[PDB]
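So the chains spell out like this:
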Amino acid sequence: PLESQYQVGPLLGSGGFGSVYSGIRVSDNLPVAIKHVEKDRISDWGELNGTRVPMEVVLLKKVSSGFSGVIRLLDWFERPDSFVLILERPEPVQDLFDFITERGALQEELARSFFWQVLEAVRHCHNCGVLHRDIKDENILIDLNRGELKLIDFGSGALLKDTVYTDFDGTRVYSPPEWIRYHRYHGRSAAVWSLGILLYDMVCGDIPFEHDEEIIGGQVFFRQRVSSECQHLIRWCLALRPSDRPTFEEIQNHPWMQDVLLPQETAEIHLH
Amino acid sequence: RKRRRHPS
Ligand SMILES: C/C=C(\C#N)c1ccc(C(=O)O)cc1
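First things first, this report covers the structure right here in the doc. (Residues numbered from 1 in each chain as written, not as in the entry; some residues may be left out. Chains lettered and ligands numbered in written order. Heavy atoms only, no water. Residues with missing side-chain atoms left out of burial classes, pairs and counts.)

## Some remarks on the overall build of chain A
When helices and strands are tallied, chain A shows 10 helices and 12 strands. For chain A, whose C-alpha radius of gyration is 19 Å, the value lies close to the compact-globule estimate of 19 Å for 272 residues. (Helix = DSSP H or I, 4+ residues; strand = E, 2+ residues; numbered from the N terminus. Rg over C-alpha atoms; globule rule 2.2 N^0.38 Å.)

## Things to note about the sheet that holds strand β6 (residues 73-78) of chain A
Residue and element names in this part refer to chain A. Read from one edge to the other, the open sheet built from five strands follows the order β1-β2-β3-β7-β6, with strand pairing classed as antiparallel. Either end of the sheet is taken by a strand with one partner, and the two such strands are β1 (6-11) and β6. Neighbour to neighbour, the strand axes of the sheet diverge by 25° on average, direction disregarded. In the sheet, β1 pairs with strand β2 (residues 19-25) via four bridges, with the strands oriented antiparallel. Its bridge partner lying in β2, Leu 11 is registered against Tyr 21. (Pairing = 2+ DSSP bridges. Axes fitted to C-alpha atoms, helices over the stretch in contact; angles between N-to-C directions.)

## Points about the pattern of salt bridges
Here A:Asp167 ties to A:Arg133 by a salt bridge, and the two come within 3.4 Å at their closest N and O atoms. In this pair, A:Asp167 sits in the loop between β12 (158-159) and α5 (177-182) while A:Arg133 sits in the loop between β9 (130-131) and β10 (140-143), placing the two residues 34 residues apart along the sequence. (Salt bridge = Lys/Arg side-chain N within 4 Å of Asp/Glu carboxyl O.)

## Considering the packing of aromatic side chains
Residue and element names in this part refer to chain A. Geometrically, the ring pair formed by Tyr 200 and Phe 222 is tilted, given 5.1 Å between the ring centres and 40° between the ring planes. Of the two residues, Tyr 200 is situated in helix α6 (residues 187-204) and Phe 222 in the loop between α7 (212-217) and α8 (228-237); the sequence distance between them amounts to 22 residues. Among the aromatic residues, those joined into a ring-pair cluster are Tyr 165, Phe 168, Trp 179 and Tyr 185. The ring centre of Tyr 165 lies 4.8 Å from the NZ or CZ of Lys 161, which sits over that ring. (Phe/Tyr/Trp six-rings, centres within 6.5 Å; stacked < 30°, edge-to-face > 60°. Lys NZ or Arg CZ within 6 Å of the ring centre and 35° of its normal.)

## A look at the packing of α6(A) against α8(A)
Residues and elements named next belong to chain A. Contact pair α6 / α8: the axes reach a minimum separation of 7 Å and the direction vectors enclose 145°. When you trace α6 past α8, the crossing you get is left-handed. The segment α6 lies against α8, with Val 192, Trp 193, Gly 196, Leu 199, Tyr 200 and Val 203 engaging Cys 230, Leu 233, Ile 234 and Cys 237. Partitioning the contact of α6 with α8 into residue classes produces nine nonpolar, one polar and no charged. (Left-handed = near helix turned anticlockwise from the far one by under 90°. Contact = heavy atoms within 4.5 Å. Nonpolar A, V, L, I, M, F, W, Y, C, P; charged D, E, K, R; others polar.)

## Section: α6(A)
The end-to-end C-alpha separation of α6(A) is 26 Å, in line with the 26 Å expected for 18 residues at 1.5 Å each. Positioned one or two residues after α6(A), A:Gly205 has a phi angle of 95°, which is positive. (Expected span 1.5 Å × (residues − 1).)

Structure below.
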């Protein structure tokens, strides 16, 4: 019973996260987010046992662990017309889209710390067999007191595979040119493209491309002062041909990525 | 310049 195990509060974010409600687990007063998904709106289905569940539940369960870089699924329920997902809710929180809107372009030291944490989170997903497919600032929560970032919203994700993907329901302005042009992509190199968009977003204050023509055009204009090392990493992630993009290892060994702050240092210097 | 969210 969900209504007995949790005190359900008001809608979170007025629907901007979907049907996500504030909640508190009665057993130990743990803050939770209660996310409702309609069965009729579910694209991909998975199996858990023979239990047929939304793929989002499958992916969330596979990344659920002590690693704090991804949102933690605590439990889920099936209803006649929907599934209900119980997520551990950090507090206080602001998502990275709103953070950047309010702060503008981030100092590179702060962008480096945030980007590093996202890289570690995406590596965790991939190590667990999960491809997120919707990496963007809207899908990143900042724990403002701990300086820890959390990847959220696995509703566009897929099991990670090495063969080609021909479907996609993530965010188009973060999707790579081979998807725009050919409706085909491989998971890791597409993820690296979206991370280039995200890094540009952090250091310039908004994403670089709004239109298909800009995505495929292969030109990156910098609207803010950005170091040559950071520009190089961004341009490398945004290589037009997927095989020209860096691996996750090459990104984290890049000179711009060295000497990252710890999460607690990040919170004390930039967030408190 | 207009910064906006983008739906998935
Ligand atoms: C304040 C918002 C959340 C929390 N805590 C949240 C977490 C995960 C999701 C998601 O995975 O869709 C959506 C909202």
